[PDB]
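Below sits a lone chain in structure tokens, taken as the form deposited in one PDB entry.
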């Protein structure tokens, strides 16, 4: 009277101590067990459970099932291991909305607030919005970087020439030895193994050594150098060249010749008295 049930099928059987069970062919064998509809079984004494649907099945201790051919699949789980979740978890029971051969979408759900709340598809999308933002940021950086590698790579291929041969297109030196050394104040040192030891000096050439204030050394005591292709000095502080000296040598030879003849004439007189 307020609980109608159209049927010509067999009796309901609420077998368990303190149990409830409604519907045709409904075998509730478990203590304090609920089950509702066409052959909703409460398997093994397996206690306190619930199955609410056509051919429903409560199989695990302290669990629930819901609907068509639904079954409890593991129930209470203790010291168990959840996905995305180091540290173990505890559970007081399962809640099935389906089966191992068949599952169910859980519609119309408000976005979780506290930690143990079902989270919906929207609350995920929000995360996945960032992953996306991030993934893009990465493609940029792989890109940006692949370029920096190229730029840096060129510097090593266009300057590398300069840092290794210590040379430029107009100040070249074919050598691989000791670094030039400009050791005195305002000194210049050109070429491997050169040394400008003195105030305001220049050491010009491989293993040149300038060891005296205000000089330009074209070599050393262990190895001098001739200077070549030098135009005749004109001013007082210009360098003289060999052709210039040659001129003087020439006048000296002319003199000696004159003195010879003079000596002859003086003999030619002395004796001709």
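Positions refer to the first chain, counted from 1.
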item	value
Stretch with the greater mean C-alpha B-factor as recorded in the entry, comparing 68 to 76 against 154 to 162	68 to 76
Residue range whose averaged C-alpha B-factor is higher in the record, 201 to 209 or 55 to 63	55 to 63
Highest recorded Cα temperature factor - choice among 46, 230, 245, 218	46
Third assignment of residue 191 from its chain's C-alpha B-factors	lowest
Record-listed C-alpha B factor of residue 112: chain third	middle
Position of residue 88 among the chain's modelled residues by C-alpha B-factor, lowest, middle or highest third	highest
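FYI, the form deposited in another entry isn't displayed, but the following is about it.
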property: Rigid-body membership between this form and the one not shown: residue 68 with residue 160; result: yes
